[PDB]
Amino acid sequence: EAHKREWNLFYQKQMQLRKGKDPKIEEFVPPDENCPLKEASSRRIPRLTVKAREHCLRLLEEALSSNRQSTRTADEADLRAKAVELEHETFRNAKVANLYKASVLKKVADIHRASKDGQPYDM
Amino acid sequence: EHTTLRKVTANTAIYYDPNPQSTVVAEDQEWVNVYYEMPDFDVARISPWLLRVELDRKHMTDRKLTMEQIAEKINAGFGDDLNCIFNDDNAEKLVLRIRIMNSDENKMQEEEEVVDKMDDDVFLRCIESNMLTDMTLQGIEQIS
């Protein structure tokens with residue numbers, strides 16, 4: 001109990017020395033003109049820039065395209081909407097940036113596994 | 001039943017990794033690149049020293065623990081200023097790479113700040129000891 005509090009204060013003071021002077025740099029960037037991301041302008045996930053969210057959506061898009069060429073469904077028009085839906089589901093289910101990214105790559109890996117097995121990625 | 005990180009850790013090492021795209025450990029280079037290519041992630045402030053934790057799969061599965069849960073507990077206990085990255089659950093081994101995210105951006109000749117800074121090697125060792133002893137991944141303390 002006392003050791004836990006001592007460690008907490010000690011760790012906070014140690015990691016404050018690595019912040020030091022000018023601890024401002026927030027500079028949140030609002031989304032660009034044509035961000036294809038549901039709930040683009042949000043701050044639910046700290047330290048998650050909009051560009052990283054777009055990057056994760058883009059990775060989901062390549063995963064969906066690979067699944068398409070490995071399944072041969074109707075067309076790729078719905079791929080973009082499906083990728084946005086999956087990205088929004090990942091964003092909702094995640095709370096911080098790194099675990100959100102990990103969930104994104106887990107979804108990509110699941111899509112790749114479905115493509116290897118030959119089955120389309122269901123909702 | 002109390003379960004700290006030690007009960008689910010196969011091993012733990014501290015490396016000097018100045019360049020995450022270099023990744024002196026060869027096995028992780030496949031899945032570390034997909035983490036440092038994100039626009040929000042920059043190698044400018046990542047700290048060179050890296051704490052690599054290899055998790056025992058049998059002990060992890062006996063408790064139905066996921067690397068997602070371990071990372072969530074790390075974020076809760078140590079804040080969002082300690083970078084944590086982990087592999088895929090289907091990989092051959094469970095790897096957890098942790099770095100001390102130094103939020104300073106200037107770093108211009110410092111300000112003679114070497115008084116109690118504790119260069120990240122020994123600080124990472126202390127963080128590792130705290131993570132292995134007082135992390136409470138699962139269960140209630142005083143129950144074994």
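These numbers come from the heavy atoms of this one structure, side chains and all, not from hydrogens, waters or symmetry mates. Chain identifiers are assigned alphabetically (A, B, ...) following the order of the sequence lines, protein sequences preceding nucleic acid strands; residue numbering begins at 1 within each chain.
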Given a strict heavy-atom distance threshold of 4.5 Å, which part of A/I25 is in contact with chain B: side chain, backbone, both, or neither? side chain
Treating B/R52 as the side-chain partner and B/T12 as the backbone partner, does any N or O pair qualify as donor plus acceptor under 3.5 Å? no
Which atoms of A/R53 come close to chain B, meaning under 4.5 Å heavy atom to heavy atom: side chain ones, backbone ones, both, or neither? neither
Run through A/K107, A/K101, A/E85 and flag the one making a side chain to side chain donor-acceptor pair (under 3.5 Å) with A/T90. A/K107
Highest number of heavy-atom pairs under 4.5 Å with chain B: which of A/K51, A/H55, A/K106, A/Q12? A/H55
Relative to chain A, which segment of B/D80 carries a heavy atom at a distance below 4.5 Å: side chain, backbone, both, or neither? both
Hey, is A/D117 close enough to A/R113 for a salt bridge, meaning N to O under 4.0 Å? no
Heavy-atom proximity to chain B below 4.5 Å, by part of A/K4: side chain
Rounded to the nearest 0.5 Å, what's the gap from CG on B/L65 to CG on B/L94? Could you check? 10.5 Å
Tell me whether the rings of A/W7 and A/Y11 are parallel (<30°), tilted (30 to 60°) or perpendicular (>60°). parallel
Row check, B/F86 ring normal vs B/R97 NZ/CZ: under 6.0 Å, within 45°: no
At a 4.5 Å cut-off on heavy atoms, which part of B/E68 comes close to chain A: side chain, backbone, both, or neither? both
Does one side chain, of B/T23 or B/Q29, offer a donor that lies under 3.5 Å from an acceptor on the other? yes
Contact class of B/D120 relative to chain A, heavy atoms under 4.5 angstrom: both
Measure the CG-CG distance between B/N75 and B/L82 for me, rounded to the nearest 0.5 Å. 9.5 Å
Is B/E111 in contact with chain A via its backbone, its side chain, both, or neither, using a 4.5 Å heavy-atom distance? side chain
Please flag which part of A/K21 lies under 4.5 Å from any non-hydrogen atom of chain B: side chain, backbone, both or neither. both
Max heavy-atom pairs within cutoff under 4.5 Å with chain B, candidates A/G20, A/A109, A/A102, goes to A/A102
Out of B/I100, B/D134, B/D81, return the one with the most heavy atom pairs under 4.5 angstrom to chain A. B/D81
